[PDB]
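For reference, the structure is listed below as structure tokens.
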Amino acid sequence: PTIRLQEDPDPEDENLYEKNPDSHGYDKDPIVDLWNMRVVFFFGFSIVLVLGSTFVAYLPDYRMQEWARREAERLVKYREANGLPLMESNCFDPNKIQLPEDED
Amino acid sequence: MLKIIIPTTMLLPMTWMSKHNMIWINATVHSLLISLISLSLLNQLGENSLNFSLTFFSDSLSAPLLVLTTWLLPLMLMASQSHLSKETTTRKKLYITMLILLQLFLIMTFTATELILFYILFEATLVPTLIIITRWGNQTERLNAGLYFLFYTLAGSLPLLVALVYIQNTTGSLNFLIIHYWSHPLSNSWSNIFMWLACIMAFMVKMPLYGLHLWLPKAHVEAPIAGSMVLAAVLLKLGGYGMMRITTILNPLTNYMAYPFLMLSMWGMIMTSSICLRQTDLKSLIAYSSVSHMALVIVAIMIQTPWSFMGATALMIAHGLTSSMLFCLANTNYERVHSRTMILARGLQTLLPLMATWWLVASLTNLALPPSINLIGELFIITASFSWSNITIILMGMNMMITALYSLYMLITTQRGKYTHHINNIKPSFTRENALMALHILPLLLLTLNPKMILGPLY
Amino acid sequence: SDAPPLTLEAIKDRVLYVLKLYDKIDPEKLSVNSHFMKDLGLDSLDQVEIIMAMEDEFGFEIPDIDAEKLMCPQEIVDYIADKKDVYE
Amino acid sequence: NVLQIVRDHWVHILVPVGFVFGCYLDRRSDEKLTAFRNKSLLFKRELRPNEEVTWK
Amino acid sequence: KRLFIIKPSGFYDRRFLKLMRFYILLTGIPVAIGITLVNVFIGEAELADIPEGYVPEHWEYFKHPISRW
Amino acid sequence: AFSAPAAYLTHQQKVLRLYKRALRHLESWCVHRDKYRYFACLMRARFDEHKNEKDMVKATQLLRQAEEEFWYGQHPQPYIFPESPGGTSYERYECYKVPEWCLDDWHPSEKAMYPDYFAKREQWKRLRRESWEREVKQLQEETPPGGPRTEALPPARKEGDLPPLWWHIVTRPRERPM
Ligand SMILES: CCCCCCCCCCCCCCCCCC(=O)OC[C@H](COP(=O)([O-])OCC(O)COP(=O)([O-])OC[C@@H](COC(=O)CCCCCCCCCCCCCCCCC)OC(=O)CCCCCCCCCCCCCCCCC)OC(=O)CCCCCCCCCCCCCCCCC
Ligand SMILES: CCCCCCCCCCCCCCCCC[C@@H](O)O[C@H](CO[C@H](O)CCCCCCCCCCCCCCC)COP(=O)(O)OCC[N+](C)(C)C
Ligand SMILES: CCCCCCCCCCCCCCCCC[C@@H](O)O[C@H](CO[C@H](O)CCCCCCCCCCCCCCC)COP(=O)(O)OCC[N+](C)(C)C
Ligand SMILES: CCCCCCCCCCCC(=O)SCCNC(=O)CCNC(=O)[C@H](O)C(C)(C)COP(=O)(O)O
């Protein structure tokens with residue numbers, strides 16, 4: 001036969017615009033395609049995007065940024081008035097630390 | 001966090017019980033709802049992590065990754081339904097099943113409290129990806145691409161398993177909280193050096209580190225579009241997440257074991273950026289872009305500073321979004337002209353203006369235009385490297401110039417010039433493709449508006 | 001606005017004007033179908049000079065392969081009209 | 001007529017039901033880790049005249 | 001004269017743009033109106049000291065009504 | 001740009017091209033018109049001095065010498081017409097050129113405007129569809145057995161034939177499309 005095998009020919013690609021000039025590119029069935037467009041748009045842009053962005057914008061301050069700012073204001077006020085240094089090099093009281101006896 | 005895991009497991013029978021013509025609609029709607037639910041994980045604390053149970057916990061590093069995974073599922077669904085139209089119903093359901101299983105494994109991987117469970121899930125992510133690539137790829141190179149993807153990964157991951165069981169026999173636990181609180185320094189001995197290498201090489205090959213990246217162009221070019229999306233956006237970030245987790249027990253040995261990987265990352269960053277300048281395949285260019293950005297992420301993780309960790313987190317999220325968008329943009333042209341060669345279809349801005357705008361925005365985020373989170377991450381990493389050593393700016397500086405060059409080269413080659421005369425089958429952009437590009441790009445700028453949500457636990 | 005919509009009559013008028021400002025061509029003996037070699041007795045160099053004069057008049061160059069072929073004012077006018085998309 | 005509508009769109013309750021079941025199971029899991037409720041040095045508190053537990 | 005100008009089909013891009021605008025506005029105009037109404041008619045809380053013997057609720061530690069909710 | 005090229009140029013063709021190039025570059029050097037006319041007449045006299053050389057070898061040697069002199073003495077920044085391949089407006093309007101097949105994909109609402117234009121378009125398309133096979137067969141007949149040797153195409157000869165391969169030459173976008 002001068003052939004090697006029985007095979008279907010490679011078919012041409014279908015244009016969704018031919019049977020549906022406003023086809024939205026979701027499906028060949030116009031009704032299913034239209035509703036796929038609608039659900040994608042509503043649940044992506046209207047619900048997740050805008051409402052999720054609002055939710056994230058108004059999340060309560062569990063990172064304690066404002067609490068830390070107010071605590072630092074109290075500490076600075078107290079230390080400035082008393083004449084104490086604003087900050088201490090050692091964050092742990094040396095009285096609770098026991099260095100090794102001998103360094104030689 | 002079963003309120004997120006269980007709905008995906010329910011996505012499975014929902015897909016397998018749907019009518020033959022509603023599978024895409026149902027999967028997309030419920031995937032988007034699951035993403036909305038996962039959005040609640042962004043409410044993180046400042047001191048410790050959210051410890052849901054003995055098995056699952058959520059940190060400020062894994063919450064954006066989970067949100068990215070759950071958001072990426074619907075986009076993959078929209079991107080896949082075009083070229084799967086002629087497929088039978090059972091095979092379409094199997095494709096959706098593969099995607100759902102991949103999402104479930106990824107969701108469980110980012111929240112596992114133990115390292116062995118994390119290993120099991122991070123290795124279970126292989127089977128759906130390999131099946132997707134080798135079954136629904138287009139060309140005959142997909143088989144070799146699957147083999148390369150499998151064995152490069154496993155040859156790195158098995159020594160990690162040995163090291164993990166050894167560590168559990170030594171310290172008595174692999175729970176991450178116990179590991180962090182009861183951390184002890186690593187001495188300088190050959191046993192400790194090889195333990196370091198066993199704990200690091202699997203994540204290095206996942207990034208992938210330069211010289212160990214040959215699997216990535218094959219796998220990311222030969223895969224279908226959803227495979228490429230999830231391979232570039234999420235699966236590469238497993239290496240970075242695992243490396244930031246595991247480096248807790250590797251100090252102070254890292255102080256000098258990081259040198260070869262740092263040199264490889266910087267020089268291979270330069271090399272992969274240069275490779276992007278002479279590339280005839282449009283998808284391979286995007287793959288090598290991913291390699292360069294991940295080399296930057298490797299450097300940031302290796303130098304071990306708070307600024308470098310913040311930059312690494314931001315860069316991983318930004319790169320996931322940008323690279324997924326670029327892959328989808330290339331797939332649109334491929335579906336139009338059935339060829340990946342970059343200089344075949346030219347002057348496309350004349351024929352498709354809105355798609356040209358999407359191309360411009362994607363390539364602008366690729367080159368890290370301020371104040372995008374791409375640039376926030378890149379600049380944090382560059383500052384951390386400069387503090388590490390003032391001479392890194394030269395290598396970092398060269399990379400910035402090269403990245404801009406190849407990004408705009410891609411843009412000008414594909415969109416500008418004159419349209420090829422013989423190609424007359426370039427139909428107008430569908431609503432689906434435009435919605436896909438918009439859903440890629442709008443979250444990027446929205447995250448730019450509030451950047452502390454992607455800056456990690458060191459913030 | 002911009003320059004007017006150039007027409008075939010204007011093109012022919014300008015071509016004949018330039019040709020009648022040429023000292024080696026007699027005005028009345030010149031016609032719109034006059035050949036440069038046969039009827040007017042010009043050599044190749046004169047044809048090259050005429051082509052350059054046409055280029056100056058219309059503000060655009062003509063490729064040498066195309067330029068060599070034109071032999072009568074009709075061919076020059078036709079080439080100019082086809083180049084500038086003139087149909088009326 | 002709702003028979004066909006239900007048999008065509010009953011797959012739309014699986015995911016919300018999974019969500020509420022996951023919420024319930026998370027509450028149940030939280031119920032098993034109360035060994036230190038109202039016992040930490042930072043949050044130890046005297047009970048109100050009416051309440052029984054500080055958190056659920 | 002007036003000639004025909006050959007262009008690619010601008011119908012589908014315009015349709016997508018107006019659909020995206022419609023849905024985004026559809027959900028984002030009510031949200032903006034609600035935020036404005038809440039801010040005008042339910043202001044932010046005023047920082048005050050904890051009265052003796054009172055144990056505030058966990059949401060009583062934030063100032064914005066939407067964050068508190 | 002419109003004529004099919006030949007396998008090679010002839011000696012007189014090369015001389016004419018060099019003459020045009022030299023005149024243009026001399027005009028670039030001589031900005032003013034009277035000076036240009038003076039030196040152009042001098043150049044023409046110099047060109048036609050050796051016009052009557054029957055030894056082709058010495059003619060080509062003189063042509064070689066003249067080309068070398070031109071390359072040494074050319075203007076580094078010669079005048080270019082704005083739409084010539086090096087001009088400031090060379091490909092300025094290429095971005096406004098849209099192929100005619102793009103009209104096949106317009107939405108029916110877009111085609112609702114301009115009904116008569118699209119009726120004429122349908123007539124043109126029917127004409128092309130009817131003439132294609134006759135064009136192909138005429139090309140088949142007129143082509144030598146060993147394939148074509150030049151890029152020149154035959155015209156129409158029969159009753160209502162059309163010159164083969166005409167659609168993309170006739171339906172060019174425009175020179176000022178938008
Ligand atoms: C088109 C789409 C196409 C595609 C594009 C892509 C779109 C993607 C969208 C995705 C979703 C995004 C959603 C984002 C969620 C974020 C919402 C949020 O957090 O709101 C934040 C923020 C609300 O802050 P807040 O924390 O909630 O309130 C805290 C206080 O308690 C409040 O203080 P208060 O007690 O004073 O109350 C103030 C109250 C009341 O204020 C007033 O009444 C006073 C105002 C002054 C009036 C005084 C004179 C006028 C009257 C005088 C005459 C009448 C009286 C006398 C009558 C006789 C006449 C003589 O006003 C408000 O409540 C705030 C306005 C509500 C805005 C909420 C935004 C929600 C957006 C979600 C929808 C997203 C889609 C967009 C669609 C939205 C619709 C287009 O809203 C703002 O954006 C404020 C911005 C205005 C500040 C001024 C601008 C300063 C400029 C500086 C930069 C200069 C450089 C140049 C750059 C200029 C560029 C602008
Ligand atoms: C097509 C035409 C386009 C042009 C026309 C557009 C017309 C104008 C509209 C453009 C808006 C201009 C932007 C200007 C900024 C104003 C909004 C800003 O003020 O809000 C920010 C708030 O923005 C949000 O916080 C960021 C949005 C969150 C982004 C998350 C994306 C949603 C999930 C989607 C999928 C996720 C994928 C990625 C995985 C990680 C402020 O943050 P914050 O300083 O606090 O507020 C202080 C007061 N609070 C705290 C009480 C609220
Ligand atoms: C293609 C990309 C692949 C990925 C790249 C992976 C990178 C792996 C590189 C490993 C980094 C360092 C490994 C070992 C640490 C030091 C290396 C050694 O050369 O340093 C000296 C070691 O001295 C000598 O070099 C001895 C080692 C000589 C034998 C090693 C073979 C190296 C040959 C190169 C083979 C290529 C290896 C990679 C295969 C692909 C230090 O002196 P010393 O203080 O005494 O040893 C320190 C350990 N102590 C403290 C316990 C004693
Ligand atoms: C600004 C600086 C640039 C200037 C530098 C240039 C200097 C070049 C000047 C000297 C070069 C010459 O003249 S070299 C002269 C070469 N001589 C011959 O070729 C003899 C045979 N004649 C023919 O072949 C044709 O008759 C022909 C003469 C071509 C006319 O063609 P028509 O009659 O059939 O139109």
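Each chain gets a letter, A, B and so on, in the order the sequences are listed, and its residues count up from 1. Just follow the structure's listing: the first ligand is 1, and inside any ligand the first atom is 1. All heavy atoms count here, side chains included; hydrogens, waters and symmetry mates do not.
For atom 28 (C) of ligand 2, the nearest protein heavy atom lies closer than 4.0 Å. In this structure, atom 3 (C) of ligand 2 has no protein heavy-atom contact shorter than 4.0 Å. Of the protein's heavy atoms, at least one falls inside 4.0 Å of atom 52 (C) of ligand 2. There is no protein heavy atom less than 4.0 angstrom from atom 42 (O) of ligand 2. In this structure, atom 14 (C) of ligand 2 has no protein heavy-atom contact shorter than 4.0 Å. For atom 24 (C) of ligand 2, the nearest protein heavy atom lies under 4.0 Å away. Put simply, atom 7 (C) of ligand 2 has no protein non-hydrogen atoms near it, under 4.0 Å away. Protein heavy atoms are absent from the space less than 4.0 angstrom from atom 48 (C) of ligand 2.
The backbone and the side chain of B/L446 each have at least one atom closer than 4.0 Å to an atom of ligand 2 (non-hydrogen atoms only). At a 4.0 Å heavy-atom cut-off, ligand 2 touches B/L39 through the side chain alone.
Ring geometry for B/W388 versus B/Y259: interplanar angle of 30 to 60°, hence tilted. Ring geometry for B/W215 against B/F149 counts as tilted: the plane angle lies between 30° and 60°, on a 0 to 90° scale. Ring planes of B/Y241 and B/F110: perpendicular class, angle over 60° (limits at 30 and 60°). E/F16 and B/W358 have perpendicular rings, their planes meeting at more than 60° on a 0 to 90° scale where under 30° would count as parallel.
Close approach of ligand 3 to B/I193 is summarised as follows: ligand atoms under 4.0 Å from at least one heavy atom of the residue are 15 (C). Listed by number with element, the atoms of ligand 2 under 4.0 Å from a non-hydrogen atom of B/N450 are 25 (O), 26 (C). Residue A/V56 approaches ligand 2 through these ligand atoms, each under 4.0 Å from one of its heavy atoms: 28 (C). Shown in contact with B/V67 at under 4.0 Å from a heavy atom are these atoms of ligand 2, numbered in order with element: 36 (C), 39 (C). Remark: ligand 2 atoms within the under-4.0 Å shell around heavy atoms of B/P64 are 40 (C). Under a 4.0 Å criterion applied to the non-hydrogen atoms of B/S189, ligand 3 contributes the atoms 51 (C). Every atom of ligand 3 with a heavy atom of B/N188 under 4.0 Å away is listed here by number and element: 50 (C), 51 (C). Counting atoms of ligand 3 from 1 in the listed order, those under 4.0 Å from a heavy atom of B/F261 are 6 (C), 7 (C). Each of the following atoms of ligand 2 lies closer than 4.0 Å to a heavy atom of A/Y58: 51 (C), 52 (C).
The single protein non-hydrogen atom nearest to atom 16 (C) of ligand 3 is B/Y256 CE1, 4.5 Å, given as residue, atom name and distance. Taking atom 12 (C) of ligand 3 as the reference point, the nearest protein heavy-atom neighbour is B/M257 SD, 4.1 Å. Considering only non-hydrogen protein atoms, atom 17 (C) of ligand 2 sits nearest to B/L449 CD1, 4.0 Å. Ranking the protein heavy atoms by distance from atom 1 (C) of ligand 3 puts B/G211 O, 4.2 Å first. For atom 5 (C) of ligand 3, the nearest protein heavy atom (residue, atom name, distance) is B/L264 CD1, 3.9 Å. The shortest contact between atom 35 (C) of ligand 2 and any protein heavy atom is with B/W71 CD2, 3.4 Å. Looking only at heavy atoms of the protein, atom 38 (C) of ligand 2 is closest to B/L447 CD1, 3.9 Å. The protein atom (non-hydrogen) at minimum distance from atom 32 (C) of ligand 2 is A/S53 OG, 4.0 Å. With respect to atom 46 (O) of ligand 3, the closest heavy atom belonging to the protein is B/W190 CZ2, 3.7 Å. From the protein, the heavy atom lying nearest to atom 50 (C) of ligand 2 is A/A57 O, 3.6 Å.
Between B/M229 and the choices B/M76, B/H220, B/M325, the side chain to side chain contact (heavy atoms under 4.5 Å, CB included) rule is met once, by B/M76. Partner of B/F56 under the side chain to side chain contact (heavy atoms under 4.5 Å, CB included) criterion, chosen from B/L50, B/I107, B/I5: B/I5.
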**Prompt:** Given B/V297 and B/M294, is the side chain to side chain contact (heavy atoms under 4.5 Å, CB included) satisfied, shown in steps?
**Reply:** CA-CA 5 Å; B/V297 167; B/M294 286 305 107; 3.9 Å; yes
(Q) If you apply the rule side-chain hydrogen bond (donor to acceptor under 3.5 Å, both in side chains), what do you find for B/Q44 with B/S58, and how did you get there? (A) CA-CA 8 Å; B/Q44 294 290 331; B/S58 178; 3.1 Å; yes
### Task
Go through the steps to decide whether B/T70 and B/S38 satisfy the test side-chain hydrogen bond (donor to acceptor under 3.5 Å, both in side chains), and finish with yes or no.
CA-CA 7 Å; B/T70 60; B/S38 66; 2.7 Å; yes
Next item on the list: Report the C-alpha distance between B/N399 and B/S273 in whole Å, list the side-chain angles of each, state the deciding distance to 0.1 Å, and finish with yes or no for side-chain hydrogen bond (donor to acceptor under 3.5 Å, both in side chains).
Entry: CA-CA 7 Å; B/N399 190 55; B/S273 273; 3.0 Å; yes
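In terms of modelled atom types and a separation under 3.5 Å, the side chain of B/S274 and the main chain of B/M271 share no donor-acceptor contact. Of the possible polar contacts, one joining the B/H213 side chain to the B/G211 backbone as a donor-acceptor pair under 3.5 Å is found. A distance-only check finds no donor-acceptor pair linking the side chain of B/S35 to the backbone of B/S31 [under 3.5 Å].
Ion pairing between a basic and an acidic side chain is recognised when a charged N comes within 4.0 Å of a carboxylate O; B/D59 and B/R245 show such pairing.
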Between the protein and ligand 1, which nitrogen or oxygen pairs come in under 3.5 Å, and how far apart is each?
residue	atom	partner	partner atom	Å
ligand 1	27 (O)	A/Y58	OH	2.3
ligand 1	27 (O)	E/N39	ND2	3.3
ligand 1	28 (O)	E/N39	ND2	3.4
ligand 1	31 (O)	E/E44	OE2	3.4
ligand 1	63 (O)	E/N39	ND2	2.9

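Partners of B/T365 according to the side-chain hydrogen bond (donor to acceptor under 3.5 Å, both in side chains) rule, which considers only residues two or more places apart in sequence or in another chain, are B/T322. For A/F43, the ring pair (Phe, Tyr, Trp, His ring centres under 6.0 Å) criterion is met by no residue, not counting sequence neighbours. Residues satisfying the side-chain hydrogen bond (donor to acceptor under 3.5 Å, both in side chains) test with B/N450, not counting sequence neighbours, are B/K452.
Here A/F45 and E/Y23 keep their ring centres 6.0 angstrom or further from each other.
In this structure, of B/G268, B/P260, B/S187, the residue bringing a heavy atom nearest to atom 11 (C) of ligand 3 is B/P260.
How far CE of B/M302 is from CG of B/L264: 12.0 Å, rounded to the nearest 0.5 Å. Note that the CD atom of B/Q349 and the CG atom of B/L354 stand 11.5 Å from one another [nearest 0.5 Å].
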